[PDB]
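Down below is the structure, laid out as structure tokens.
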Amino acid sequence: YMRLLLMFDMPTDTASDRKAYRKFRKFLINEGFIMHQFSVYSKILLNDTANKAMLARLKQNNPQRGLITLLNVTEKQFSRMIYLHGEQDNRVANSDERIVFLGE
Amino acid sequence: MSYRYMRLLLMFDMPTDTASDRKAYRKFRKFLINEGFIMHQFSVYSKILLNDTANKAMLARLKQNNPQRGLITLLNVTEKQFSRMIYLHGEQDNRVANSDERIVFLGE
Amino acid sequence: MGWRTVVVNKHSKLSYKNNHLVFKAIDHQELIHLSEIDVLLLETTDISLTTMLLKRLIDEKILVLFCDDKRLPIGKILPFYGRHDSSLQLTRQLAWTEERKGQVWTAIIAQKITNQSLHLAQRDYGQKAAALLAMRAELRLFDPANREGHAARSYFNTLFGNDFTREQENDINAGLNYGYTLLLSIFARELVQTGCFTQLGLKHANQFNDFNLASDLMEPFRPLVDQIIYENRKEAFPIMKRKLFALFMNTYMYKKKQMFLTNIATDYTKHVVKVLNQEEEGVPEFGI
Amino acid sequence: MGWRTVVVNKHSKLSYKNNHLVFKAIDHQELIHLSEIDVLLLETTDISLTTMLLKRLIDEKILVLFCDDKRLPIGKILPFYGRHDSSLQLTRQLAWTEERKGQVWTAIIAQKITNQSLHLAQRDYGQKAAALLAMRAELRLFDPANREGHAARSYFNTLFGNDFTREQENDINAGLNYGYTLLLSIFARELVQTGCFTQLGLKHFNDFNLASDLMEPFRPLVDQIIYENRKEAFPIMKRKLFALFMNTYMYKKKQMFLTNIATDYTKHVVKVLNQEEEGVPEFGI
Amino acid sequence: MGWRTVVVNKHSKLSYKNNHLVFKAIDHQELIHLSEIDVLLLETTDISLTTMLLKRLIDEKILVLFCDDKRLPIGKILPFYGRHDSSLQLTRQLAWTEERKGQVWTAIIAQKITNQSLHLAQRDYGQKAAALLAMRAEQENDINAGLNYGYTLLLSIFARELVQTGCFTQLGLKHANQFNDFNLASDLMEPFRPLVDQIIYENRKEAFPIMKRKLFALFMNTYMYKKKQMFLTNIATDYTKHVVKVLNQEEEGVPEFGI
Amino acid sequence: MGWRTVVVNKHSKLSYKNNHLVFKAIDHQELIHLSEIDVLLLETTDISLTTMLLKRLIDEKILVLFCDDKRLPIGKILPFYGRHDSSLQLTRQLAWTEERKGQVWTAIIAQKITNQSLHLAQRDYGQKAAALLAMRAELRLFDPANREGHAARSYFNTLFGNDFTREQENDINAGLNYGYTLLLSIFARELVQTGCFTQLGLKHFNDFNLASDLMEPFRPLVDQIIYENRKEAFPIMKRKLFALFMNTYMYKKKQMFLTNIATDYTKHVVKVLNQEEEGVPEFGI
DNA sequence: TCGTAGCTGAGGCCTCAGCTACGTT
DNA sequence: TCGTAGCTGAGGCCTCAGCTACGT
Ligand SMILES: [Mg+2]
Ligand SMILES: [Mg+2]
């Protein structure tokens with residue numbers, strides 16, 4: 001039960017660089033990553049198989065640019081995120097709860 | 001699990017709109033550097049902490065120097081996790097500041 | 001694939017975009033990645049959705065449930081195909097021997113009675129419970145003596161009183177039925193995935209309905225609803241309905257591991273289907 | 001309970017009002033009373049509909065079918081309480097005798113060969129055409145001698161040259177295949193409507209063998225169009241192929257549109273497979 | 001409470017910036033946060049540093065060691081003021097009774113001889129070891145060079161801790177600065193000497209440079225003290241602060257270190 | 001083993017070459033032979049030095065002192081092997097008799113009162129000045145009657161008005177205190193050089209009471225400068241106070257610079273506190 | 001009232017080299 | 001050849017509303 005934390009700093013210098021970024025960022029959205037903060041994304045992943053799978057997919061869609069970096073946080077750790085200022089993203093996509101209501 | 005040489009991960013998005021906003025940021029970022037945080041990536045900093053007590057201490061200091069702007073967010077990663085950081089592209093920062101080893105040579 | 005049970009009950013508009021379900025209501029909007037979704041329950045009549053979304057919901061084998069204006073379930077999406085090539089399993093299902101169907105159905109109804117008994121024991125009816133094991137022992141192929149129904153009567157009498165009958169028209173039955181429909185839709189899904197038709201029950205084929213086979217496979221799991229409803233037998237219907245979603249959250253002992261209900265159902269179903277094809281010899285077991 | 005099979009394939013919004021299905025929007029609007037509806041087929045991914053309507057569609061035990069982006073059926077609504085009358089056809093399909101499947105399949109294949117021949121004759125190959133009739137006459141149950149394939153070879157050779165094979169990767173085959181997929185999706189649709197499963201053909205992979213089997217005699221309709229445009233680029237064949245949905249074709253003595261034919265043909269073939277009728281319906285070109 | 005022992009060997013310039021030590025060479029550059037630093041060892045004569053940095057190194061009570069051209073230690077920074085108000089402990093140290101200094105010094109020297117014995121026993125001299133316990137109820141080579149290096153390390157540690165408590169290191173409990181400016185540190189470190197003896201014994205076969213490295217173990221290893229595994233400098237702090245208490249007569253009973 | 005006390009306070013770089021200390025600043029460069037050096041005092045935070053030099057400074061047992069940014073001493077190099085001769089002064093300071101500390105402290109306080117009086121006379125208060133001499137004459141060991149404080153009150157009243165108190169928060173006091181801190185750091189420095197500890201004054205919270213005690217007679221030097229600029233803003237008093245480091249003052253029979261006086265005064269006071277001499281040295285304004 | 005992919009330009013986020021003013025209640 | 005605090009402007013990072021071209 002985990003959260004993959006993906007962090008990039010990618011170049012914008014040239015139009016190939018930018019294209020590569022837009023492609024990559026698309027891949028991320030399609031893959032169900034949530035922007036927590038600019039340049040910083042998180043995908044909730046269920047178990048080990050999902051992870052090794054996701055990592056392989058990332059490697060295939062690697063835009064060989066910039067600094068792109070991944071961390072594996074446990075759900076426990078990620079939900080304990082201290083908000084020094086500003087408030088939490090309450091989208092359901094960002095929780096780990098089994099049952100979900102769209103307005104009860 | 002351990003947190004022994006844990007790593008606090010600090011992530012901000014702070015407004016630049018007005019000069020008070022910018023001042024607040026520079027103050028905050030200074031606090032961070034002075035407190036021994038390392039820029040891993042642009043809006044993203046990490047401070048190695050020795051144990052949990054050091055953390056609760058650091059958290060209290062952060063709260064006191066809170067700029068009251070933007071989205072500022074903290075996560076506790078275990079040493080194990082942080083050293084397993086997968087570098088999808090680009091390469092690691094080999095500063096001593098970024099290792100956890102007690103004995104350090106400046107050219108051995 | 002997934003784990004989320006997504007319940008919708010606000011006036012809203014569901015769409016699809018980039019592998020996400022898209023929910024839009026006046027106050028707010030939400031995006032949820034399909035790979036995270038196990039079940040989509042459309043509780044109300046104020047919801048509007050697109051055929052695009054429904055295609056995709058079928059692709060990712062998501063259980064979709066529709067409800068009436070009293071928020072009771074009245075139907076499901078039934079995909080025609082898949083896993084591909086489902087054809088293989090079809091030709092095998094048609095080949096299922098009458099004798100074997102019997103062994104399996106009876107083995108399964110036996111697990112139910114057992115679980116009914118365990119449930120009674122769990123409520124300190126050591127006696128009535130032991131009586132149901134007696135009935136189990138007297139089962140013959142396809143239960144021509146209807147021990148199933150006798151067990152069922154005694155079971156419910158002991159749990160809810162001698163006045164109680166499964167018919168009709170109280171809160172307790174309404175909840176029991178809601179629950180059973182949930183179980184039904186789960187196994188219906190899994191069966192179709194294996195390449196079977198849910199129309200064909202092991203004992204009655206499709207004489208009475210289009211989902212008998214799901215109805216047959218879910219038998220041993222019925223007491224899971226019985227437990228929840230018994231515990232909330234004092235409550236109003238809306239509270240039973242909610243407490244029943246526990247089935248999708250809780251974890252249950254199965255093959256020596258604590259597993260989630262839908263995962264169990266998948267294994268159980270796929271494995272039952274194997275022993276019906278005669279690729280294997282011992283029906284899998286669910287106990288409570 | 002009704003009679004209408006309501007097919008939707010325009011970008012639209014379905015709703016419910018006063019016992020009517022409500023279909024919008026501009027250019028076109030329409031109201032249809034639910035008591036008149038037997039089946040609602042949602043052919044495309046363009047449509048949007050309401051849970052209110054779906055509740056009511058379930059109340060009146062209307063068969064609701066969904067399709068994918070290639071307009072093939074992929075599922076239906078399954079009510080928990082009650083049943084549409086297509087359910088009955090399943091029990092019958094499972095009962096289809098091996099002998100009868102044979103008679104029907106062979107009868108159908110025979111119509112194909114005939115139509116292949118007529119097509120050849122129409123291109124002034126009086127000779128090669130007559131040869132295919134010879135092959136037709138030598139058909140036995142389930143064509144174990146594979147006259148079908150021989151007819152097919154000769155047919156295509158005469159039309160597109162001895163160098164031509166149907167395996168080879170060119171514009172002509174691409175169009176032929178596009179056209180056949182169109183025919184497939186049509187019959188797939190109709191079969192499911194009748195309450196059948198498309199997955200198992202009369203002669204035995206594919207999820208649509210049975211559609212593949214029923215559409216056999218209609219193949220030459222594509223063959224004609226492609227032959228006529230054999231000189232053109234693929235995109236032009238693709239467009240000229242939409243003719244199938246516009247043109248009208250001789251069937252049961254009346255000029256009818258292709259989908260109407262398919263509906264009759266299918267529903268009637270299914271009858272003779274159930275043994276409620278004798279005599280397969282005929283399509284000629 | 002810092003933990004890093006930072007050893008410098010390369011021609012370089014040390015600076016201070018934003019609570020960091022700043023190290024600059026060819027083309028190696030490095031920043032280290034002072035709060036992480038326990039000890040700074042300046043091994044060579046090719047290093048240049050600033051009085052700013054040294055002020056800050058004294059503020060954060062970091063042990064700074066200097067070496068000669070053979071890379072042996074020859075001195076350390078001795079702060080004058082090691083707490084707030086250190087004056088309080090000074091007036092108490094001057095009040096230390098001759099009788100009590102005796103009890104404490106003897107108690108400490110006893111711990112040493114015990115630990116020497118335990119060390120002998122650990123090398124299977126059950127006999128000679130037992131002989132040293134009897135005493136308790138009553139040249140110019142690589143081995144000594146290492147022993148002395150090690151003892152200087154221990155000395156600088158306790159010197160530091162003593163000053164922090166507000167004491168003067170000059171005044172030994174028996175000998176009160178007659179021979180040394182650090183007799184009191186020399187006195188407190190006595191029971192810890194065998195820690196060096198062990199390391200040197202184990203490497204008695206090796207060349208001096210290998211003994212020197214193996215000795216840094218003291219700053220990394222952990223040792224049994226008051227029932228807990230602790231790092232050497234943390235022990236030294238507790239041990240020292242607690243010894244000072246029993247000399248002021250704010251408690252009874254010298255703390256104990258065993259090996 | 002040497003005689004020079006070498007004070008550094010300019011932004012600079014210290015090196016070693018051929019038995020010399022090497023001093024380099026923007027323009028100024030200077031070489032000094034180590035055998036001539038008794039003490040090296042690093043007064044400021046702008047200085048850079050080498051471990052080579054420090055090794056050699058330890059070899060020749062030179063006393064090396066470091067300071068903080070207020071130019072007060074905070075530590076020294078402690079060699080492991082030998083000893084500079086300032087070590088000996090510690091054992092002597094601990095031996096300072098209570099009776100003698102009294103004689104010296106009182107003698108010193110008396111010089112202060114005298115200088116306060118001379119300052120008043122210099123401002124044409126012949127009268128109030130003579131009154132302070134009366135107070136001086138009534139001093140006893142350790143001033144239990146607090147004539148010091150009475151002299152101080154009257155002194156400041158006459159100079160800055162009867163509404164003036166030294167506890168009030170104004171520009172005049174801010175400058176007076178700045179000035180006194182300057183004097184303090186000077187004597188703190190000199191005391192440590194002699195081998196003493198600054199922490200404990202002759203008469204008993206501060207880490208520098210003893211410096212505070214020795215600087216007493218020099219206080220009026222600040223009082224003069226501030227009085228003269230009592231009309232000005234604080235920043236102007238601060239600058240005019242640097243005069244202390246430039247001006248020359250009568251001491252012994254010679255015009256000397258302040259720090260040179262402080263060095264002599266301090267070393268000599270320390271001598272009479274060790275009882276190697278009789279007769280406290282005198283500073284008059 | 002169905003989806004996709006890809007680019008642009010406006011506008012906010014973020015760091016760093018380089019400059020000025022300052023330096024013992 | 002020592003530091004700080006505070007601001008600026010050059011220049012790269014990052015997202016998003018809005019548009020075009022497209023799709024059995
Ligand atoms: Mg970034
Ligand atoms: Mg950021």
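Identifiers in this document derive from the order of the structure tokens: chains are assigned A, B, ..., residues are numbered from 1 separately in each chain, and ligands are numbered from 1 in order of occurrence.
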
Exercise: residue 23 (chain H) partners within 12 Å, only C-alpha atoms (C1' of nucleotides), chain neighbours under 5 positions left out, as a count of residues only
7

So which residues are near ligand 2, meaning at most 10 Å away with only C-alpha atoms (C1' of nucleotides) and all ligand atoms counted, given back as a PDB file with N, CA and C atoms (P, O5', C5', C4', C3', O3' and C1' of nucleotides), in the first residue's frame?
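Result saved to out22.pdb:
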ATOM      1  N   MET A   7       9.452  13.529  -9.144  1.00  0.00           N
ATOM      2  CA  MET A   7       9.911  14.909  -9.089  1.00  0.00           C
ATOM      3  C   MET A   7      10.797  15.214 -10.260  1.00  0.00           C
ATOM      4  N   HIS A  36       0.718  17.244  -6.980  1.00  0.00           N
ATOM      5  CA  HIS A  36       0.654  17.716  -5.601  1.00  0.00           C
ATOM      6  C   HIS A  36       1.136  19.151  -5.522  1.00  0.00           C
ATOM      7  N   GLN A  37       2.086  19.455  -6.390  1.00  0.00           N
ATOM      8  CA  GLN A  37       2.777  20.718  -6.391  1.00  0.00           C
ATOM      9  C   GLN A  37       3.561  20.775  -7.704  1.00  0.00           C
ATOM     10  N   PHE A  38       3.918  21.963  -8.150  1.00  0.00           N
ATOM     11  CA  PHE A  38       4.395  22.125  -9.508  1.00  0.00           C
ATOM     12  C   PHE A  38       5.669  21.342  -9.650  1.00  0.00           C
ATOM     13  N   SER A  39       5.810  20.522 -10.674  1.00  0.00           N
ATOM     14  CA  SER A  39       7.028  19.740 -10.864  1.00  0.00           C
ATOM     15  C   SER A  39       7.018  18.481  -9.995  1.00  0.00           C
ATOM     16  N   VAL A  40       6.005  18.326  -9.140  1.00  0.00           N
ATOM     17  CA  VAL A  40       5.941  17.223  -8.169  1.00  0.00           C
ATOM     18  C   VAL A  40       4.648  16.426  -8.256  1.00  0.00           C
TER      19      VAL A  40
ATOM     20  N   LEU B  10      10.998  18.742   2.144  1.00  0.00           N
ATOM     21  CA  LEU B  10      10.224  19.956   2.218  1.00  0.00           C
ATOM     22  C   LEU B  10       9.968  20.476   0.827  1.00  0.00           C
ATOM     23  N   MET B  11       8.698  20.723   0.532  1.00  0.00           N
ATOM     24  CA  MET B  11       8.269  21.093  -0.794  1.00  0.00           C
ATOM     25  C   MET B  11       7.409  22.327  -0.743  1.00  0.00           C
ATOM     26  N   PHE B  12       7.810  23.354  -1.471  1.00  0.00           N
ATOM     27  CA  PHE B  12       6.999  24.560  -1.528  1.00  0.00           C
ATOM     28  C   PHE B  12       6.635  25.024  -2.937  1.00  0.00           C
ATOM     29  N   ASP B  13       5.516  25.734  -2.981  1.00  0.00           N
ATOM     30  CA  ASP B  13       5.130  26.573  -4.091  1.00  0.00           C
ATOM     31  C   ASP B  13       4.695  27.842  -3.429  1.00  0.00           C
ATOM     32  N   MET B  14       5.468  28.899  -3.619  1.00  0.00           N
ATOM     33  CA  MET B  14       5.211  30.155  -2.936  1.00  0.00           C
ATOM     34  C   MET B  14       5.017  31.232  -3.957  1.00  0.00           C
ATOM     35  N   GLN B  41      16.145  19.621  -5.757  1.00  0.00           N
ATOM     36  CA  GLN B  41      15.471  19.979  -6.989  1.00  0.00           C
ATOM     37  C   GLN B  41      14.662  21.265  -6.687  1.00  0.00           C
ATOM     38  N   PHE B  42      14.271  22.009  -7.694  1.00  0.00           N
ATOM     39  CA  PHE B  42      13.953  23.414  -7.460  1.00  0.00           C
ATOM     40  C   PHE B  42      13.117  23.881  -6.293  1.00  0.00           C
ATOM     41  N   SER B  43      11.928  23.402  -6.134  1.00  0.00           N
ATOM     42  CA  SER B  43      11.143  23.923  -5.032  1.00  0.00           C
ATOM     43  C   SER B  43      11.225  22.903  -3.911  1.00  0.00           C
ATOM     44  N   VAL B  44      12.243  22.046  -3.956  1.00  0.00           N
ATOM     45  CA  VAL B  44      12.273  20.806  -3.183  1.00  0.00           C
ATOM     46  C   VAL B  44      13.554  20.639  -2.373  1.00  0.00           C
ATOM     47  N   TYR B  45      13.424  20.578  -1.054  1.00  0.00           N
ATOM     48  CA  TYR B  45      14.576  20.553  -0.167  1.00  0.00           C
ATOM     49  C   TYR B  45      14.553  19.349   0.761  1.00  0.00           C
ATOM     50  N   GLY B  70       1.628  30.686   0.402  1.00  0.00           N
ATOM     51  CA  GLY B  70       1.756  29.531  -0.490  1.00  0.00           C
ATOM     52  C   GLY B  70       1.421  28.149   0.065  1.00  0.00           C
ATOM     53  N   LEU B  71       1.999  27.140  -0.565  1.00  0.00           N
ATOM     54  CA  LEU B  71       1.758  25.764  -0.203  1.00  0.00           C
ATOM     55  C   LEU B  71       3.114  25.191   0.183  1.00  0.00           C
ATOM     56  N   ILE B  72       3.250  24.875   1.463  1.00  0.00           N
ATOM     57  CA  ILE B  72       4.499  24.397   2.005  1.00  0.00           C
ATOM     58  C   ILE B  72       4.166  23.114   2.726  1.00  0.00           C
ATOM     59  N   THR B  73       4.949  22.088   2.469  1.00  0.00           N
ATOM     60  CA  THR B  73       4.529  20.750   2.757  1.00  0.00           C
ATOM     61  C   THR B  73       5.714  19.877   3.158  1.00  0.00           C
TER      62      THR B  73
ATOM     63  P    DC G  13       3.163  32.428  -8.330  1.00  0.00           P
ATOM     64  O5'  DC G  13       4.370  31.453  -8.669  1.00  0.00           O
ATOM     65  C5'  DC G  13       4.138  30.042  -8.683  1.00  0.00           C
ATOM     66  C4'  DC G  13       5.416  29.307  -8.985  1.00  0.00           C
ATOM     67  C3'  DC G  13       6.462  29.372  -7.872  1.00  0.00           C
ATOM     68  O3'  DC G  13       6.986  28.056  -7.703  1.00  0.00           O
ATOM     69  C1'  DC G  13       7.404  30.092  -9.892  1.00  0.00           C
ATOM     70  P    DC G  14       7.919  27.713  -6.469  1.00  0.00           P
ATOM     71  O5'  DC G  14       9.354  28.131  -7.009  1.00  0.00           O
ATOM     72  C5'  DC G  14      10.146  27.208  -7.754  1.00  0.00           C
ATOM     73  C4'  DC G  14      11.506  27.804  -8.016  1.00  0.00           C
ATOM     74  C3'  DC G  14      12.246  28.331  -6.784  1.00  0.00           C
ATOM     75  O3'  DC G  14      13.218  27.352  -6.405  1.00  0.00           O
ATOM     76  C1'  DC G  14      12.483  29.741  -8.713  1.00  0.00           C
TER      77       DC G  14
ATOM     78  P    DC H  13      15.591  25.150 -17.594  1.00  0.00           P
ATOM     79  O5'  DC H  13      14.363  25.251 -16.589  1.00  0.00           O
ATOM     80  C5'  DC H  13      14.556  24.874 -15.223  1.00  0.00           C
ATOM     81  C4'  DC H  13      13.274  25.033 -14.446  1.00  0.00           C
ATOM     82  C3'  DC H  13      12.180  24.029 -14.806  1.00  0.00           C
ATOM     83  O3'  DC H  13      11.615  23.549 -13.582  1.00  0.00           O
ATOM     84  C1'  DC H  13      11.336  26.201 -14.971  1.00  0.00           C
ATOM     85  P    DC H  14      10.639  22.295 -13.587  1.00  0.00           P
ATOM     86  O5'  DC H  14       9.239  22.984 -13.884  1.00  0.00           O
ATOM     87  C5'  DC H  14       8.442  23.494 -12.817  1.00  0.00           C
ATOM     88  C4'  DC H  14       7.110  23.948 -13.357  1.00  0.00           C
ATOM     89  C3'  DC H  14       6.363  22.922 -14.214  1.00  0.00           C
ATOM     90  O3'  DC H  14       5.345  22.345 -13.387  1.00  0.00           O
ATOM     91  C1'  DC H  14       6.223  25.160 -15.072  1.00  0.00           C
TER      92       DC H  14
END

Interface residues on chain A facing chain B, 12 Å, only C-alpha atoms, written as a short mmCIF file (atom, residue, chain, number, x, y, z; two decimals) with N, CA and C atoms, in the first residue's frame:
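And here is the file that came out, result-v3.cif:
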data_model
loop_
_atom_site.label_atom_id
_atom_site.label_comp_id
_atom_site.auth_asym_id
_atom_site.auth_seq_id
_atom_site.Cartn_x
_atom_site.Cartn_y
_atom_site.Cartn_z
N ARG A 3 2.71 5.12 -2.23
CA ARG A 3 2.62 6.32 -3.03
C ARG A 3 3.95 6.59 -3.69
N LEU A 4 3.98 6.61 -5.02
CA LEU A 4 5.20 6.91 -5.75
C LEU A 4 5.27 8.41 -5.90
N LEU A 5 6.41 8.99 -5.55
CA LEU A 5 6.60 10.44 -5.62
C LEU A 5 7.57 10.78 -6.72
N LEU A 6 7.09 11.48 -7.73
CA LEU A 6 7.89 11.73 -8.92
C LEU A 6 8.18 13.20 -9.02
N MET A 7 9.45 13.53 -9.14
CA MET A 7 9.91 14.91 -9.09
C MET A 7 10.80 15.21 -10.26
N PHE A 8 10.43 16.22 -11.03
CA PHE A 8 11.27 16.61 -12.14
C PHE A 8 11.69 18.07 -12.16
N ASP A 9 12.84 18.28 -12.78
CA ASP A 9 13.28 19.56 -13.26
C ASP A 9 13.74 19.30 -14.68
N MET A 10 12.99 19.82 -15.66
CA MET A 10 13.25 19.52 -17.05
C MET A 10 13.48 20.81 -17.78
N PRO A 11 14.40 20.79 -18.75
CA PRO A 11 14.74 21.96 -19.52
C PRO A 11 13.63 22.40 -20.44
N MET A 35 -0.81 15.96 -9.63
CA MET A 35 0.03 17.09 -9.28
C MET A 35 -0.26 17.44 -7.84
N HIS A 36 0.72 17.24 -6.98
CA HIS A 36 0.65 17.72 -5.60
C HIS A 36 1.14 19.15 -5.52
N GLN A 37 2.09 19.45 -6.39
CA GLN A 37 2.78 20.72 -6.39
C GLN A 37 3.56 20.77 -7.70
N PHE A 38 3.92 21.96 -8.15
CA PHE A 38 4.40 22.13 -9.51
C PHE A 38 5.67 21.34 -9.65
N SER A 39 5.81 20.52 -10.67
CA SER A 39 7.03 19.74 -10.86
C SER A 39 7.02 18.48 -10.00
N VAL A 40 6.01 18.33 -9.14
CA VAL A 40 5.94 17.22 -8.17
C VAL A 40 4.65 16.43 -8.26
N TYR A 41 4.75 15.15 -8.58
CA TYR A 41 3.59 14.32 -8.85
C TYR A 41 3.58 13.06 -7.99
N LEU A 55 7.13 1.25 -13.02
CA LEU A 55 8.51 1.66 -13.20
C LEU A 55 8.95 1.32 -14.61
N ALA A 56 8.59 0.12 -15.05
CA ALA A 56 8.90 -0.30 -16.42
C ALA A 56 8.26 0.63 -17.47
N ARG A 57 7.02 1.05 -17.21
CA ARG A 57 6.31 1.95 -18.12
C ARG A 57 6.97 3.31 -18.16
N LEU A 58 7.41 3.78 -17.00
CA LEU A 58 8.10 5.06 -16.90
C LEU A 58 9.37 5.02 -17.70
N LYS A 59 10.14 3.95 -17.50
CA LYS A 59 11.40 3.76 -18.23
C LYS A 59 11.19 3.79 -19.73
N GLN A 60 10.09 3.21 -20.19
CA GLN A 60 9.79 3.21 -21.62
C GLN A 60 9.45 4.59 -22.12
N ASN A 61 8.79 5.39 -21.30
CA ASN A 61 8.41 6.76 -21.68
C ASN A 61 9.38 7.82 -21.17
N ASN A 62 10.60 7.39 -20.92
CA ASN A 62 11.60 8.27 -20.40
C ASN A 62 11.94 9.31 -21.45
N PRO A 63 11.79 10.61 -21.14
CA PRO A 63 12.25 11.62 -22.09
C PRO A 63 13.69 11.95 -21.71
N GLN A 64 14.69 11.56 -22.47
CA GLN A 64 16.04 11.62 -21.87
C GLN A 64 16.39 13.08 -21.69
N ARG A 65 15.81 13.75 -20.70
CA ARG A 65 16.12 15.14 -20.40
C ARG A 65 16.05 15.38 -18.91
N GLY A 66 16.74 16.41 -18.47
CA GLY A 66 16.61 16.92 -17.11
C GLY A 66 16.90 15.96 -15.96
N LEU A 67 16.31 16.28 -14.81
CA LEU A 67 16.50 15.51 -13.61
C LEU A 67 15.12 15.02 -13.22
N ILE A 68 14.95 13.71 -13.31
CA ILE A 68 13.67 13.09 -13.04
C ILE A 68 13.95 12.01 -12.03
N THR A 69 13.16 11.98 -10.98
CA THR A 69 13.55 11.30 -9.77
C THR A 69 12.35 10.68 -9.10
N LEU A 70 12.49 9.46 -8.59
CA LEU A 70 11.36 8.75 -7.96
C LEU A 70 11.65 8.26 -6.56
N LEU A 71 10.64 8.35 -5.71
CA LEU A 71 10.74 7.95 -4.32
C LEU A 71 9.53 7.12 -3.97
N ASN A 72 9.70 6.09 -3.14
CA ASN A 72 8.57 5.27 -2.65
C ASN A 72 8.20 5.53 -1.20
N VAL A 73 7.09 6.18 -1.00
CA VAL A 73 6.65 6.55 0.34
C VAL A 73 5.54 5.58 0.70
N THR A 74 5.44 5.20 1.97
CA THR A 74 4.32 4.38 2.41
C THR A 74 3.08 5.27 2.57
N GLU A 75 1.91 4.68 2.38
CA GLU A 75 0.67 5.44 2.53
C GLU A 75 0.61 6.17 3.88
N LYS A 76 1.01 5.47 4.93
CA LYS A 76 1.08 6.03 6.27
C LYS A 76 1.86 7.34 6.25
N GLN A 77 3.05 7.29 5.65
CA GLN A 77 3.93 8.45 5.63
C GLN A 77 3.30 9.60 4.86
N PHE A 78 2.73 9.28 3.71
CA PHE A 78 2.19 10.30 2.83
C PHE A 78 0.94 10.97 3.40
N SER A 79 0.08 10.21 4.08
CA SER A 79 -1.10 10.83 4.69
C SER A 79 -0.72 11.68 5.90
N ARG A 80 0.44 11.43 6.49
CA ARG A 80 0.94 12.25 7.61
C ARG A 80 1.59 13.56 7.19
N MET A 81 1.61 13.79 5.89
CA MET A 81 2.12 15.03 5.34
C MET A 81 1.69 16.24 6.14
N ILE A 82 2.66 16.95 6.68
CA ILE A 82 2.40 18.12 7.47
C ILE A 82 2.27 19.30 6.53
N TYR A 83 1.19 20.05 6.67
CA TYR A 83 0.96 21.20 5.84
C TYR A 83 1.39 22.43 6.59
N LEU A 84 2.64 22.82 6.41
CA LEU A 84 3.15 23.98 7.11
C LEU A 84 2.36 25.23 6.75
N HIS A 85 1.95 25.36 5.50
CA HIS A 85 0.98 26.37 5.13
C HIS A 85 0.26 26.03 3.83
N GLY A 86 -1.01 26.43 3.75
CA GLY A 86 -1.90 26.01 2.65
C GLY A 86 -2.64 24.79 3.13
N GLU A 87 -3.60 24.30 2.34
CA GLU A 87 -4.46 23.21 2.82
C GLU A 87 -4.51 22.06 1.86
N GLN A 88 -4.95 20.91 2.38
CA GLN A 88 -4.88 19.66 1.64
C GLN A 88 -5.75 19.63 0.43
N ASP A 89 -5.32 18.77 -0.49
CA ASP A 89 -5.99 18.47 -1.72
C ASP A 89 -6.95 17.38 -1.35
#

How many Å separate CA of residue 259 (chain F) from CA of residue 221 (chain F)?
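Going from CA of residue 259 (chain F) over to CA of residue 221 (chain F), I get 13.0 Å.
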
Out of F:29, F:48, F:199, F:248, which residue has the shortest atom-to-atom distance to chain H when counting only C-alpha atoms (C1' of nucleotides)?
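Looking only at the distances to chain H, the closest residue turns out to be F:48.
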
Mind listing the strand (DSSP E) residues of chain A, per DSSP on the backbone, as an MDAnalysis selection string?
chainID A and resid 2:9 34:37 40:45 67:74 82:85 99:102

Just list the residues in region 106-270 of chain D DSSP gives alpha helix (DSSP H) on the backbone, as an MDAnalysis selection string.
chainID D and resid 106:122 126:137 147:160 171:193 209:214 219:228 234:240 243:246 258:270

In Å to one decimal, how far is CA of residue 46 (chain E) from CA of residue 60 (chain E)?
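Interatomic distance here is 24.7 Å.
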